[PDB]
Amino acid sequence: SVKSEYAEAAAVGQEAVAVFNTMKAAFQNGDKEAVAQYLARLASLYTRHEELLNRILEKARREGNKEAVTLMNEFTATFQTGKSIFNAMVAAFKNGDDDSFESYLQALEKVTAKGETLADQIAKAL
């Protein structure tokens, strides 16, 4: 069902959360080789999460589930804010700009924390 596809998407999102916190520890410790690998892992995880979310939204649309479509439109918009900040973080790492990397990292945390109530609402709406 679309609801079980959303639970799979939620798990992929939680995997990114886990890897992100490990990456933050490595950044603070100056283990740039680890950070590089974690950033690659996160890119793949965000790419997969984005695709699952789009399939869920398209399915809710085909099902006529207006409330779920509304919430998933709001949620996918916030996802793109996070993705843009993540990509800026990756660029900051490439450039050696630790000040910007710290900024973007905190922003990505706050954007993600904000979106959690909506994430939970979607599970119930599908």
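Just to verify a result, which residue in the range 2-32, among those that are charged (D, E, K, R) and more than 14 Å from residue 123 (Cβ to Cβ), is surrounded by the most Cβ atoms within 10 Å (Cβ to Cβ)?
Filtering the range 2-32 down to residues charged (D, E, K, R) leaves 3, 5, 8, 15, 24, 31-32.
Those left that are additionally more than 14 Å from residue 123 (Cβ to Cβ): 15, 24, 31-32.
Details: 15: 15, 24: 17, 31: 14, 32: 13.
My answer is 24.
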Go through the range 35-77 and count every residue that is over 11 Å from residue 16 (Cβ atoms), part of a helix (DSSP H, G or I) and free of Cβ contacts under 8 Å to residues at least 12 places away in the same chain. 9
What number goes with the only condition from (1) under 20 Å from residue 100 (Cβ atoms); (2) in contact with a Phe, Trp or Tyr (Cβ under 8 Å, 6 or more places away or on another chain) that residue 24 does not pass? (2)
Condition (residue is hydrophobic (A, V, I, L, M, F, W, C), within 11 Å of the chain's Cα centre (by Cα), loosely packed, with under 15 Cβ neighbours inside 10 Å and under 26 Å from residue 5 (Cα atoms)) applied to the range 109-123: is it met by at least one residue? yes
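Read-outs throughout are calculated quantities, based only on the coordinates presented, and are distinct from any laboratory measurement. As a convention, Cβ positions derive from the backbone with ideal geometry for all residues, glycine included, and neighbour counts pool all protein chains shown.
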